[PDB]
Amino acid sequence: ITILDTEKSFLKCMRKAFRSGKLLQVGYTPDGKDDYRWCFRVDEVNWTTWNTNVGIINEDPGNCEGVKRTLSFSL
Amino acid sequence: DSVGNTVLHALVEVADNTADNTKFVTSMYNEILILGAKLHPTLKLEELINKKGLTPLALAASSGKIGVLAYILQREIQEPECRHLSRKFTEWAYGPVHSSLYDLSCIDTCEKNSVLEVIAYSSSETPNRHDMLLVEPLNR
Amino acid sequence: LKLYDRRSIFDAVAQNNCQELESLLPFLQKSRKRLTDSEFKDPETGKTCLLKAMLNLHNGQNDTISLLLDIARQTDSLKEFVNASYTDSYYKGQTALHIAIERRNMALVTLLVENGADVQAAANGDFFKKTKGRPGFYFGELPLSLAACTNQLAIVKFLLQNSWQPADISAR
């Protein structure tokens with residue numbers, strides 16, 4: 001409730017309230033367009049399973065401000 | 001109906017947090033969105049509101065529904081032609097390490113009823129307000 | 001004489017249309033070029049046509065890779081070709097072998113090491129370091145350390161017992 005009341009009290013904080021905004025392209029919508037939806041990020045691990053993944057956005061790992069999207073995307 | 005609820009609203013109203021009910025609510029909640037896009041790809045099913053102005057995401061947060069809330073935030077539809085309905089997008093994987101893009105469209109103080117607002121400002125007659133801050137895109 | 005630039009070759013590598021890859025050999029015979037040509041490498045991260053084939057993987061078995069290796073032996077720069085690596089600072093030294101061991105592909109390891117891919121190439125890049133603040137995976141920065149930490153028991157024997165160029169169990 002502290003975090004919400006501080007955001008309502010300042011307009012210049014509301015343009016800074018976009019926590020991990022990044023306006024990222026994600027996938028392809030119908031009528032053949034980019035996604036462009038504000039997205040966060042997280043990290044996990046898994047060792048019990050072999051961690052098979054069906055769909056992966058970025059074929060090449062890491063986040064170094066340069067990416068190339070995977071051809072797993074249909075459109 | 002007269003209250004303004006649609007099919008995706010009513011599945012939230014008929015949830016009662018038991019682990020058997022969480023199974024077939026989110027399973028039936030899944031099948032309507034896909035079938036919504038096949039009949040009407042121009043339609044956006046979860047934008048709609050009732051007379052209180054709530055979305056089916058925010059209606060699950062306004063009440064105490066935790067399993068329907070944890071599903072909608074962590075929603076990925078893996079099969080193609082209906083992948084844009086997803087919300088949790090995994091970006092890359094290097095063996096164990098698994099990086100994901102959660103989405104912040106309706107949540108995170110952007111709209112009239114964001115679920116970060118509606119959880120905290122709820123009048124404590126709705127249960128499990130404390131529980132609904134445990135899901136992954138909110139708690140981080 | 002069909003033309004080739006950096007973009008059209010990488011796309012033929014990516015989308016797995018081998019019909020586009022049938023005149024890439026006489027074109028490099030025309031332009032006096034090898035597959036290890038400076039125009040062929042991607043500029044910001046030094047990704048080769050072999051490295052692009054490793055990431056793009058259809059059903060576990062890409063078949064573009066075996067056709068690149070058939071051209072590289074004709075242009076006889078094969079030992080420099082497979083040993084090409086990323087020169088990006090986030091990616092210093094990751095080779096074709098670090099990818100195949102990673103993706104749990106037994107056969108793709110076997111085809112790489114026979115063509116002169118040196119198994120002692122070290123991934124001295126900032127993803128492969130510790131980086132306790134940054135996102136990263138620390139396995140020990142070496143292919144034998146990669147097969148051992150990722151539970152692959154078949155490959156950790158093969159890298160020590162391959163007849164072409166065996167590995168070092170004591171390297172660091």
# chains A, B, ... in the order shown; residues from 1 in each chain; ligands from 1
>>> closest_atom_pairs(of="segment 25-88 of chain B", to="segment 16-21 of chain B", cutoff="7 Å", atoms="only C-alpha atoms", output="tab-separated table")
residue	atom	partner	partner_atom	distance
B:25	CA	B:21	CA	6.0
B:65	CA	B:17	CA	6.0
B:66	CA	B:17	CA	6.6
B:67	CA	B:17	CA	6.3
>>> write_last_selection(atoms="N, CA, C and O atoms", output="PDB file, in the first residue's frame")
ATOM      1  N   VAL B  25     -12.246 -25.309 -13.882  1.00  0.00           N
ATOM      2  CA  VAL B  25     -12.514 -23.915 -14.229  1.00  0.00           C
ATOM      3  C   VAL B  25     -11.493 -23.430 -15.243  1.00  0.00           C
ATOM      4  O   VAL B  25     -11.852 -23.005 -16.343  1.00  0.00           O
ATOM      5  N   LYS B  65     -10.394 -15.258  -5.472  1.00  0.00           N
ATOM      6  CA  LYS B  65     -10.048 -16.411  -6.294  1.00  0.00           C
ATOM      7  C   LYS B  65      -8.570 -16.396  -6.643  1.00  0.00           C
ATOM      8  O   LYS B  65      -8.101 -15.516  -7.366  1.00  0.00           O
ATOM      9  N   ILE B  66      -7.845 -17.380  -6.126  1.00  0.00           N
ATOM     10  CA  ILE B  66      -6.393 -17.450  -6.234  1.00  0.00           C
ATOM     11  C   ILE B  66      -5.949 -18.360  -7.376  1.00  0.00           C
ATOM     12  O   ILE B  66      -4.986 -18.057  -8.081  1.00  0.00           O
ATOM     13  N   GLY B  67      -6.657 -19.468  -7.598  1.00  0.00           N
ATOM     14  CA  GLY B  67      -6.256 -20.382  -8.653  1.00  0.00           C
ATOM     15  C   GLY B  67      -6.560 -19.843 -10.035  1.00  0.00           C
ATOM     16  O   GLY B  67      -5.787 -20.040 -10.972  1.00  0.00           O
TER      17      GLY B  67
END
>>> interface_residues(of="chain C", to="chain A", cutoff="7 Å", atoms="only C-alpha atoms", output="PyMOL selection string")
chain C and resi 55+90+127+135
>>> write_last_selection(atoms="N, CA, C and O atoms", output="PDB file, in the first residue's frame")
ATOM      1  N   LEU C  55      22.111 -23.184 -33.924  1.00  0.00           N
ATOM      2  CA  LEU C  55      21.004 -22.619 -33.164  1.00  0.00           C
ATOM      3  C   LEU C  55      19.668 -23.009 -33.782  1.00  0.00           C
ATOM      4  O   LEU C  55      18.744 -23.441 -33.083  1.00  0.00           O
ATOM      5  N   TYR C  90      30.270 -10.507 -24.527  1.00  0.00           N
ATOM      6  CA  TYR C  90      29.366 -11.321 -23.721  1.00  0.00           C
ATOM      7  C   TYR C  90      29.521 -12.805 -24.057  1.00  0.00           C
ATOM      8  O   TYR C  90      29.060 -13.670 -23.303  1.00  0.00           O
ATOM      9  N   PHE C 127      28.884 -14.430 -20.242  1.00  0.00           N
ATOM     10  CA  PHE C 127      27.777 -15.308 -19.894  1.00  0.00           C
ATOM     11  C   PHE C 127      28.288 -16.555 -19.184  1.00  0.00           C
ATOM     12  O   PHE C 127      27.594 -17.135 -18.341  1.00  0.00           O
ATOM     13  N   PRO C 135      22.540 -12.375 -15.324  1.00  0.00           N
ATOM     14  CA  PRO C 135      22.069 -13.729 -15.664  1.00  0.00           C
ATOM     15  C   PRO C 135      23.155 -14.528 -16.372  1.00  0.00           C
ATOM     16  O   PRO C 135      23.721 -14.083 -17.373  1.00  0.00           O
TER      17      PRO C 135
END
>>> residues_around(residues="residue 89 of chain C", least_positions_apart="6", cutoff="9 Å", atoms="only C-alpha atoms", output="ChimeraX atom specification")
/C:45,124-126
>>> residues_around(residues="residue 22 of chain A", least_positions_apart="4", cutoff="10 Å", atoms="only C-alpha atoms", output="JSON, numbers by chain")
{"A": [18, 36, 37, 38, 39, 40]}
>>> write_last_selection(atoms="N, CA and C atoms", output="compact mmCIF listing (two decimals), in the first residue's frame")
# COMPACT_ATOMS: atom_id res chain seq x y z
N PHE A 18 6.63 2.57 -14.70
CA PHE A 18 6.73 1.45 -15.63
C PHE A 18 7.93 0.63 -15.21
N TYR A 36 4.31 -5.95 -29.44
CA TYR A 36 4.59 -4.67 -28.77
C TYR A 36 3.78 -4.51 -27.48
N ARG A 37 4.12 -5.34 -26.50
CA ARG A 37 3.40 -5.36 -25.24
C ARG A 37 4.42 -5.33 -24.10
N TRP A 38 4.14 -4.51 -23.08
CA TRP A 38 5.08 -4.23 -21.99
C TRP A 38 5.37 -5.49 -21.18
N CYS A 39 6.64 -5.85 -21.03
CA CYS A 39 6.92 -7.14 -20.42
C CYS A 39 8.06 -7.08 -19.41
N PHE A 40 7.91 -7.91 -18.37
CA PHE A 40 8.79 -8.04 -17.21
C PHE A 40 9.83 -9.11 -17.54
>>> closest_atom_pairs(of="chain C", to="chain B", cutoff="12 Å", atoms="only C-alpha atoms", output="tab-separated table")
residue	atom	partner	partner_atom	distance
C:55	CA	B:94	CA	11.5
C:98	CA	B:94	CA	11.2
C:99	CA	B:94	CA	9.6
C:100	CA	B:95	CA	11.7
C:101	CA	B:95	CA	10.3
C:102	CA	B:95	CA	6.8
C:103	CA	B:95	CA	7.6
C:104	CA	B:95	CA	9.2
C:127	CA	B:94	CA	10.7
C:128	CA	B:94	CA	11.1
C:135	CA	B:97	CA	8.8
C:136	CA	B:97	CA	8.0
C:137	CA	B:97	CA	7.1
C:138	CA	B:97	CA	10.5
C:139	CA	B:95	CA	10.8
C:146	CA	B:95	CA	10.6
C:147	CA	B:95	CA	11.5
C:149	CA	B:95	CA	10.7
C:150	CA	B:95	CA	7.9
C:151	CA	B:95	CA	11.0
C:152	CA	B:95	CA	11.9
>>> closest_atom_pairs(of="chain B", to="chain A", cutoff="7 Å", atoms="only C-alpha atoms", output="JSON lines")
{"residue": "B:84", "atom": "CA", "partner": "A:29", "partner_atom": "CA", "distance": 5.6}
{"residue": "B:90", "atom": "CA", "partner": "A:56", "partner_atom": "CA", "distance": 6.0}
{"residue": "B:91", "atom": "CA", "partner": "A:57", "partner_atom": "CA", "distance": 4.4}
{"residue": "B:92", "atom": "CA", "partner": "A:58", "partner_atom": "CA", "distance": 5.2}
{"residue": "B:93", "atom": "CA", "partner": "A:61", "partner_atom": "CA", "distance": 6.7}
{"residue": "B:94", "atom": "CA", "partner": "A:61", "partner_atom": "CA", "distance": 6.6}
{"residue": "B:95", "atom": "CA", "partner": "A:51", "partner_atom": "CA", "distance": 6.7}
{"residue": "B:96", "atom": "CA", "partner": "A:45", "partner_atom": "CA", "distance": 4.6}
{"residue": "B:97", "atom": "CA", "partner": "A:45", "partner_atom": "CA", "distance": 4.7}
{"residue": "B:98", "atom": "CA", "partner": "A:44", "partner_atom": "CA", "distance": 5.2}
{"residue": "B:99", "atom": "CA", "partner": "A:43", "partner_atom": "CA", "distance": 4.8}
{"residue": "B:100", "atom": "CA", "partner": "A:42", "partner_atom": "CA", "distance": 5.4}
{"residue": "B:101", "atom": "CA", "partner": "A:41", "partner_atom": "CA", "distance": 4.7}
{"residue": "B:102", "atom": "CA", "partner": "A:40", "partner_atom": "CA", "distance": 5.1}
{"residue": "B:103", "atom": "CA", "partner": "A:39", "partner_atom": "CA", "distance": 4.6}
{"residue": "B:104", "atom": "CA", "partner": "A:38", "partner_atom": "CA", "distance": 5.8}
{"residue": "B:105", "atom": "CA", "partner": "A:38", "partner_atom": "CA", "distance": 6.5}
{"residue": "B:120", "atom": "CA", "partner": "A:1", "partner_atom": "CA", "distance": 6.3}
>>> write_last_selection(atoms="N, CA and C atoms", output="mmCIF file, in the first residue's frame")
data_model
loop_
_atom_site.group_PDB
_atom_site.id
_atom_site.type_symbol
_atom_site.label_atom_id
_atom_site.label_comp_id
_atom_site.auth_asym_id
_atom_site.auth_seq_id
_atom_site.Cartn_x
_atom_site.Cartn_y
_atom_site.Cartn_z
ATOM 1 N N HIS B 84 -1.103 -15.677 -29.471
ATOM 2 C CA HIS B 84 -1.132 -14.287 -29.030
ATOM 3 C C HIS B 84 -1.980 -14.109 -27.777
ATOM 4 N N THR B 90 8.274 -17.463 -22.526
ATOM 5 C CA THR B 90 9.654 -17.851 -22.261
ATOM 6 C C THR B 90 10.524 -17.363 -23.415
ATOM 7 N N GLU B 91 11.658 -16.738 -23.091
ATOM 8 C CA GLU B 91 12.423 -16.053 -24.129
ATOM 9 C C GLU B 91 13.621 -16.874 -24.595
ATOM 10 N N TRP B 92 14.389 -17.438 -23.668
ATOM 11 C CA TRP B 92 15.487 -18.316 -24.029
ATOM 12 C C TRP B 92 15.680 -19.312 -22.905
ATOM 13 N N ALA B 93 16.381 -20.393 -23.219
ATOM 14 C CA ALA B 93 16.671 -21.443 -22.260
ATOM 15 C C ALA B 93 18.043 -21.992 -22.582
ATOM 16 N N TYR B 94 18.888 -22.106 -21.566
ATOM 17 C CA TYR B 94 20.213 -22.684 -21.713
ATOM 18 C C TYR B 94 20.353 -23.787 -20.679
ATOM 19 N N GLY B 95 19.843 -24.970 -21.004
ATOM 20 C CA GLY B 95 19.807 -26.072 -20.074
ATOM 21 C C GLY B 95 18.905 -25.814 -18.889
ATOM 22 N N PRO B 96 19.507 -25.652 -17.708
ATOM 23 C CA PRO B 96 18.694 -25.360 -16.522
ATOM 24 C C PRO B 96 18.062 -23.988 -16.555
ATOM 25 N N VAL B 97 18.793 -22.972 -17.018
ATOM 26 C CA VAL B 97 18.350 -21.593 -16.854
ATOM 27 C C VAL B 97 17.193 -21.303 -17.799
ATOM 28 N N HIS B 98 16.125 -20.725 -17.253
ATOM 29 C CA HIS B 98 14.855 -20.569 -17.944
ATOM 30 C C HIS B 98 14.336 -19.160 -17.713
ATOM 31 N N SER B 99 14.429 -18.313 -18.733
ATOM 32 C CA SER B 99 14.083 -16.900 -18.626
ATOM 33 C C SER B 99 12.744 -16.659 -19.301
ATOM 34 N N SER B 100 11.856 -15.919 -18.636
ATOM 35 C CA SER B 100 10.480 -15.760 -19.088
ATOM 36 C C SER B 100 10.075 -14.296 -19.080
ATOM 37 N N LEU B 101 9.214 -13.914 -20.019
ATOM 38 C CA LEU B 101 8.602 -12.583 -20.052
ATOM 39 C C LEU B 101 7.152 -12.661 -19.585
ATOM 40 N N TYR B 102 6.928 -12.215 -18.360
ATOM 41 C CA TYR B 102 5.566 -11.989 -17.913
ATOM 42 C C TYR B 102 5.047 -10.702 -18.523
ATOM 43 N N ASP B 103 3.734 -10.514 -18.497
ATOM 44 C CA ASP B 103 3.148 -9.333 -19.107
ATOM 45 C C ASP B 103 2.468 -8.438 -18.080
ATOM 46 N N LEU B 104 2.493 -7.137 -18.348
ATOM 47 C CA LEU B 104 2.055 -6.095 -17.432
ATOM 48 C C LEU B 104 1.053 -5.145 -18.079
ATOM 49 N N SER B 105 0.059 -5.673 -18.787
ATOM 50 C CA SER B 105 -0.855 -4.785 -19.494
ATOM 51 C C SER B 105 -1.944 -4.264 -18.575
ATOM 52 N N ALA B 120 -4.880 -4.662 -3.093
ATOM 53 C CA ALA B 120 -4.490 -3.935 -1.891
ATOM 54 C C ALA B 120 -5.640 -3.112 -1.323
#
>>> atom_distance(atom1="atom CA of residue 111 of chain C", atom2="atom CA of residue 48 of chain C")
16.8 Å
